[PDB]
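Trainee: please find the sequence and an experimentally derived structure below.
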Amino acid sequence: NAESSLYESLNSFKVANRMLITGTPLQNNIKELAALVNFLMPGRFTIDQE
DNA sequence: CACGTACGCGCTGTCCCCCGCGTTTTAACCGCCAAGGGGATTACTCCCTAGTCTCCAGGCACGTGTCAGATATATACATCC
């Protein structure tokens, strides 16, 4: 979730390189995967159509 | 104003129950889904109903005459000394 407090807490960190380790990248819809790829690298990847 | 006595108040005992502290538990709090309904707005359409107007008539208020029940005498029969 991009709205949660953990998302804004970790997204405000001054880290050069990030990595996400999970088993299920997409669970409900493509908006969640959009949130993960926005947390990874913010802006060259956009998802706006469901 | 006088009297007198009952009760407010001060003192003492006593016991009991609440407070302080330490220890253990536990649920409030914060952060999370998971979808779905409730409700606040914005815009639009429609139609029923309440305001407005005119006219009229009877309900309410006032006044007054009467009328039936309650109260107070007028006279006659029964009764005590």
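Mentor: Everything's here; your move. Numbering: from 1, shown residues only, chains lettered A, B, ... in the order given.
Trainee: need the contact list for residue A:26.
Mentor: In this structure, residue A:26 makes contact with A:32-33, judged by CB atoms under 8 Å, 6 or more residues apart in numbering. The C-beta positions use only the backbone N, C-alpha and C, and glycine is treated the same way.
Trainee: same thing but 6 Å
Mentor: Taking CB atoms under 6 Å, 6 or more residues apart in numbering, we find residue A:26 in contact with residue A:33.
Trainee: same thing with residue A:30?
Mentor: residue A:47.
Trainee: same thing but 8 Å
Mentor: In this structure, residue A:30 makes contact with A:47, A:50, judged by CB under 8 Å, 6+ apart.
Trainee: just the CA trace of stretch A:33-40, in PDB.
Mentor: Below are the C-alpha coordinates for stretch A:33-40, written out as PDB (Å, rounded to 0.1, in the frame of the first residue of the first chain):
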ATOM      1  CA  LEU A  33       2.400  -3.700  -8.200                       C
ATOM      2  CA  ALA A  34       2.400   0.000  -9.300                       C
ATOM      3  CA  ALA A  35       3.000   0.900  -5.600                       C
ATOM      4  CA  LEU A  36       5.900  -1.600  -5.500                       C
ATOM      5  CA  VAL A  37       7.500  -0.300  -8.700                       C
ATOM      6  CA  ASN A  38       7.000   3.300  -7.500                       C
ATOM      7  CA  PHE A  39       8.800   2.500  -4.300                       C
ATOM      8  CA  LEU A  40      11.600   0.800  -6.300                       C
END
